[PDB]
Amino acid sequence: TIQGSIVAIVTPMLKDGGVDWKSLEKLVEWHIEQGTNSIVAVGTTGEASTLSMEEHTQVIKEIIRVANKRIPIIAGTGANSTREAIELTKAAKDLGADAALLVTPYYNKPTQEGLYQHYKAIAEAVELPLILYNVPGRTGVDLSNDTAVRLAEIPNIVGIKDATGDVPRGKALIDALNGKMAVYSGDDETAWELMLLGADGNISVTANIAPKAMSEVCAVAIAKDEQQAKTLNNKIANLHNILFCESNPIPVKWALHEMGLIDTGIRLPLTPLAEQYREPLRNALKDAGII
């Protein structure tokens, strides 16, 4: 049901890596003001991997507190252990999240059946809307379209974030589902295209720095206005490239820093954007009218 521009929000940090609670509050308010439709708290772009359990709770709690029910909040609760995924997703429910976003277990390479049992076990453990998330380049595993369609039969599995960037494959999944659960782009470069083909929105990195513009791209693409979708997307299309010149969220955090909205903190093994990428990033932001 959640539709539109869903920012995968960064977790702003001080130089020493501590979470920057004031900057996070200001970002949430700005997204709401700028037309962002939903926020994913503590997902990939939010450095879920390097936050403690207590930090994951606090960030979700703070985002929900600041948003004050103006937009739905989706909590990142993915783990590569089924048991830990259940605990994080129960926590998210108890905090009042509207939905949970669960990447396929990474590193341990479950079979397709183990992927199916993993998400079925979580859906049966926790009464909360769950959104699957496939990003094979990170996880070493690819949740096939067939398995996703099977999981769409489980009642609180309500959608999937498709970060393949493979538009023909994503269109095939949307067609096979025939509305049984939602598809969201996880690939800013092609998201406008996948939404014109039926996706319910874009769980977006670029929306961190261009929330108004991405809100407008999602809205027109979801309305099936191909000319406007291309028109609006072209204004920010170079951002969808440059924000991946190193592994997300390294560039997008540096971008936000150039915008004066967060400090440079980012936790190892991630590192501040390498100096050789900074001028090209600065140039792209200036070209897009962002700074």
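Residue numbers here begin at 1 and follow the sequence given.
When the mean C-alpha temperature factors of 191-199 and 174-182 are read from the deposited coordinates, 174-182 comes out higher. Relative to its counterpart among 122-130 and 106-114, 122-130 has the higher mean temperature factor, C-alpha atoms as listed in the PDB entry. When the C-alpha B factors of 12, 280, 272, 269 are read from the deposited coordinates, the top value falls at 280. Among 82, 164, 89, 204, the highest C-alpha B-factor in the deposited entry belongs to 164. Annotation for residue 253: C-alpha temperature factor in the lowest third relative to the rest of the modelled chain, per the entry. Among all modelled residues in its chain, residue 62 ranks in the lowest third by Cα B-factor. In the PDB entry, a CA B factor belonging to the middle third of its chain's modelled residues is recorded for residue 93. The entry lists a Cα temperature factor for residue 78 that places it in the highest third of the chain's modelled residues. Per the deposited record, the Cα B-factor of residue 238 falls in the highest third when ranked against the other modelled residues of its chain.
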